Number of protein chains: 2
Amino acid sequence: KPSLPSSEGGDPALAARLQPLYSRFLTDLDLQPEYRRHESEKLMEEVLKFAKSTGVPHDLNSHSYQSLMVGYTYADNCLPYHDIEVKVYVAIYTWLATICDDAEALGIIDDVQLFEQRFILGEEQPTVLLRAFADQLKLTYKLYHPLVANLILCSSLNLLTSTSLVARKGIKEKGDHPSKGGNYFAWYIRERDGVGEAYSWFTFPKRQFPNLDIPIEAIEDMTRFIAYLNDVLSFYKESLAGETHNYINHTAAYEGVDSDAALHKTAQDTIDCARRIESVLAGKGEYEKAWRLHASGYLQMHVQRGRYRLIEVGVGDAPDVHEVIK
Amino acid sequence: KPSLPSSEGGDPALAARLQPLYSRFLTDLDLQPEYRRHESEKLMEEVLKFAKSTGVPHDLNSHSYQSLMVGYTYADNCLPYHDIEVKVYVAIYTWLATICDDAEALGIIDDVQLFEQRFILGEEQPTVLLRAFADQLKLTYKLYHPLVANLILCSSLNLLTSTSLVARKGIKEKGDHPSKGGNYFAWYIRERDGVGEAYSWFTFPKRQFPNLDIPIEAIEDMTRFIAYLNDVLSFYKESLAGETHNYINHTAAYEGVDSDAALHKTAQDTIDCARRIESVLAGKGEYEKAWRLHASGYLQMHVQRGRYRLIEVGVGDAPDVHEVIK
Ligand SMILES: CC[N+](CC)(CC)Cc1ccccc1
Ligand SMILES: CC[N+](CC)(CC)Cc1ccccc1
Ligand SMILES: [Mg+2]
Ligand SMILES: [Mg+2]
Ligand SMILES: [Mg+2]
Ligand SMILES: [Mg+2]
Ligand SMILES: [Mg+2]
Ligand SMILES: [Mg+2]
């Protein structure tokens with residue numbers, strides 16, 4: 001199982017190997033315009049109030065608070081001009097979902113695996129975390145068109161399932177012993193664990209973005225952009241924690257190349273997705289502009305937040321005093 | 001909207017265009033071994049008993065009974081040596097899901113669009129069809145490992161959502177006016193409407209196939225195999241009904257080629273998927289043999305069933321007296 005999150009130590013040799021790729025990737029993504037923030041202090045007030053309402057602990061310097069700061073920053077950087085109820089919704093979703101994402105390290109896979117059957121039977125979840133996530137999934141329907149909320153929910157449920165699959169020894173065995181012809185397995189797991197489809201659709205809540213038809217052709221590329229950008233830049237922190245049965249390493253295994261080759265390919269794949277999204281969204285009004293600010297903000301979130309430890313690689317920013325893991 | 005299903009007339013020019021492609025495809029698929037059936041009369045007794053219990057009408061010579069015969073034959077041909085409770089489960093799921101698949105022609109999009117939020121809130125569904133589908137989705141957990149059942153459910157929910165999306169004018173508009181860089185949209189819709197992931201996993205119920213790790217690398221190729229084989233061989237019946245905003249025509253639109261080019265490519269994509277699955281499953285015991293019988297049976301289901309009208313193209317079998325639409 002992976003180690004728990006930490007702010008201590010690191011891997012200087014891996015950081016030296018990754019810094020050149022990471023610095024070139026940040027430039028070559030060429031995400032414009034510059035990221036924006038809006039009503040940042042009002043957002044923090046409203047996020048902390050909602051967080052209190054869930055009952056889920058988020059003490060300063062905890063893993064939970066680290067994840068709350070990821071969710072705050074996701075909304076602040078990626079959805080700056082969105083309705084504040086939507087920004088809080090995404091911040092809180094991202095807090096809870098990133099804790100679930102760490103379920104193997106936290107020892108909560110058993111209840112994560114049982115979440116979906118309890119959810120569709122109306123059985124209350126066993127923990128404060130999972131009751132808050134279930135309530136957050138139901139809240140999606142207040143803010144997103146029902147078809148879009150439907151897709152957000154199936155993507156969110158697939159997170160829990162794929163996180164549980166990678167916790168299985170027989171699934172970790174695939175990376176060590178890849179089957180000939182099995183190359184699609186890397187994206188099979190990554191499409192489901194990465195929640196790229198949910199995060200793509202979060203850009204387009206129904207009141208401000210009432211026409212789901214306008215950006216839909218781009219969703220797949222937005223999903224892959226989101227998943228692949230994180231696969232490149234979270235490789236460092238995943239290596240530190242031993243959570244290395246990931247898309248990069250699975251890709252390297254099926255393609256018979258090393259992690260560095262899969263990182264370079266995945267970096268180029270991210271750029272190719274970003275350029276296709278900008279072609280599809282050319283002349284699509286507020287949809288085009290909202291996506292552009294989401295992509296630019298999403299790169300900066302990784303630069304900024306302690307979850308990704310990028311200050312250690314020389315491309316990120318030092319953590320805030322309360323976000324450092326104690 | 002598409003016309004209702006019929007057994008009358010056809011399109012002799014389209015049939016003459018497709019027959020050579022279809023006869024070559026049936027050979028080139030080279031699906032071995034020969035398809036098998038087992039306890040066919042006992043399965044029909046059990047399927048009709050369960051169908052009665054749902055309350056969903058299935059009168060002889062109705063669209064519903066045509067779909068019940070697809071579900072029967074799906075189980076009979078593709079899961080011959082599976083537990084009869086699993087064969088009945090798949091037949092009844094297929095009956096109800098293929099009626100849902102026709103929701104636009106039937107005028108029930110409003111109900112299918114609202115199914116998932118009702119389902120996750122524990123609200124009753126508004127029609128006997130959808131109450132039976134909701135009950136069938138919950139039954140999945142008695143027969144499949146919870147992670148596998150989880151994936152079947154998300155794939156099932158995505159069917160309803162993607163069927164609803166294609167009913168929208170702004171989604172039909174994409175095929176007429178494809179956006180540059182939008183090529184992934186064809187598979188975005190087809191991954192979600194095709195239920196290929198559910199039908200892949202139906203092969204591996206938990207009592208007979210207790211290790212989900214064994215075939216998992218193949219699921220994506222089994223998903224595409226299922227979707228693409230149908231996209232080729234159902235193009236005739238979809239053309240007759242005017243349900244032509246499909247994977248073949250979306251692919252032709254984004255690639256800038258005609259339907260015949262997209263059909264030829266999709267046929268080769270099917271064969272490529274079938275070969276990769278047989279590589280990944282080489283030496284995987286009862287998993288490998290169960291998949292082989294499912295693929296061979298799945299081609300024969302399209303040959304035999306009135307839903308696909310392939311007797312009109314010269315590659316299918318004449319319908320049974322009770323399955324002809326009146
Ligand atoms: C690729 C996933 N993500 C969000 C888009 C990267 C920042 C983190 C995340 C993982 C799992 C659950 C929720 C968020
Ligand atoms: C490709 C979809 N399918 C299932 C394998 C092919 C025969 C029919 C189907 C469509 C929609 C719902 C249920 C079944
Ligand atoms: Mg993670
Ligand atoms: Mg994860
Ligand atoms: Mg990551
Ligand atoms: Mg159909
Ligand atoms: Mg369909
Ligand atoms: Mg079809």
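Basis for what follows: all heavy atoms, side chains included, without hydrogens, waters or symmetry-related copies. By convention in this document, chain letters (A, B, ...) are assigned in the order of the sequence lines, proteins followed by strands, and residues within each chain are numbered from 1. Atoms within a ligand are numbered from 1 in the order they appear, just like the ligands themselves.
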Per side chain to side chain donor-acceptor pair (under 3.5 Å), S259(A) is matched among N246(A), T244(A), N249(A) by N249(A)
Residue pairs passing the salt bridge (charged side-chain N to carboxylate O under 4.0 Å, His left out) test with at least one member in residues 257-268 of chain B, sequence neighbours excluded, are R17(B)-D260(B), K265(B)-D269(B)
Report for the Mg ion (ligand 8), protein N, O or S closer than 2.8 Å, by chain and number, lists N230(B) OD1, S234(B) OG, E238(B) OE2
- prompt: Below 2.8 Å, any N, O or S contact between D193(B) and the Mg ion (ligand 6)?
  reply: no
Taking the six-membered ring for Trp, are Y74(A) and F202(A) closer than 6.0 Å centroid to centroid? no
>> When you measure from the Mg ion (ligand 3) to the N, O or S atoms of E243(A), does any of those distances fall below 2.8 Å?
In response: no
Can we call the ring centroids of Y236(A) and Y22(A) under 6.0 Å apart? no
Practice problem: For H58(A) and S64(A), test the side chains for any donor-to-acceptor distance below 3.5 angstrom and give the result as yes or no. | Solution: no
Counting the benzene-type ring for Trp, do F133(B) and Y93(B) have ring centres under 6.0 Å apart? yes
- request: Report yes or no: is the cationic atom of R192(A) (NZ for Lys, CZ for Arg) closer than 6.0 Å to the six-membered ring centre of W187(A), at no more than 45° off its axis?
  value: no
Per residue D101(A), nearest N, O or S atom to the Mg ion (ligand 3) is named OD2
